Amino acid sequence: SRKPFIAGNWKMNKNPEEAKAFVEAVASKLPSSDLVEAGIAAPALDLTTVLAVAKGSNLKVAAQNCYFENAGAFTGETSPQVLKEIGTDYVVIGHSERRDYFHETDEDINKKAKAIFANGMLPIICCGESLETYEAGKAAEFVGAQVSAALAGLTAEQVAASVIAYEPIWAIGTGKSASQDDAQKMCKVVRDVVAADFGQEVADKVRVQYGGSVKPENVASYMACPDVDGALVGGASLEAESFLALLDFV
């Protein structure tokens, strides 16, 4: 019985005042912690603000990226050590946008996952295949390799506590649309990979989120699929009213 987890990725949106207003509007109105886990991945500029207002609530707080060293000569980078000290719960890593624009590799993601656990936090590891890979019938192999690479070297206990988010990158365009069948098939691809590398017992504990489009009238249907344990939500997490609406399924 894996606990569902809806994480809202604000991406590069909101200043601290806007972030503050959002958390004040949502933190005290989330469903009970036993029913669903709810969190926000906020910009680094906004984190201390989000954490202060989220204090005493069930809203989990995630960073959108971090570097793989605790400190040093890495101008412009966010430390996982500092993230932990300020009270951050999760760190999103390997998001499609970072693997794209910012050249992040499987090796960087693996290093980040290790750094995040070394700093007592939990990673939300993103994966997903391109349109080209999808059209070539290679989604399962590509995603499988990504997942395996990211987890290599973690302990069984660390794997069991990780979150993995599957993004259907191929469905961003015009002529492609993802369905519940896609979410289920791809979330199972992730879990089977974890099973092959760490065993079925570990695989059955790791949460796998769907990162494709979910809406209030469909979120429940997607989450009810056997291998889908939550959602990494983009645009719909930017408004309090919209984010809260995605927690209705519980």
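Numbers follow the displayed sequence, beginning with 1.
Looking at mean Cα B-factors across 229-237 and 21-29, the upper value is held by 21-29. Between 153-161 and 86-94, the higher mean Cα B-factor belongs to 153-161.
Sorting 211, 39, 43, 216 by the CA temperature factor given in the entry leaves 216 at the top.
For the set 146, 105, 174, 75, the maximum C-alpha B-factor listed in the entry falls on 174. In the PDB entry, residue 79 places in the lowest third of its chain by CA B-factor. Placement of the Cα temperature factor of residue 196 within the chain: highest third of the modelled residues, per the deposited record.
Per-chain ranking of the deposited C-alpha B factor places residue 134 in the highest third.
The entry lists a Cα temperature factor for residue 125 that places it in the lowest third of the chain's modelled residues. When the CA B factors of the chain's modelled residues are split into thirds, the value for residue 179 lands in the highest one.
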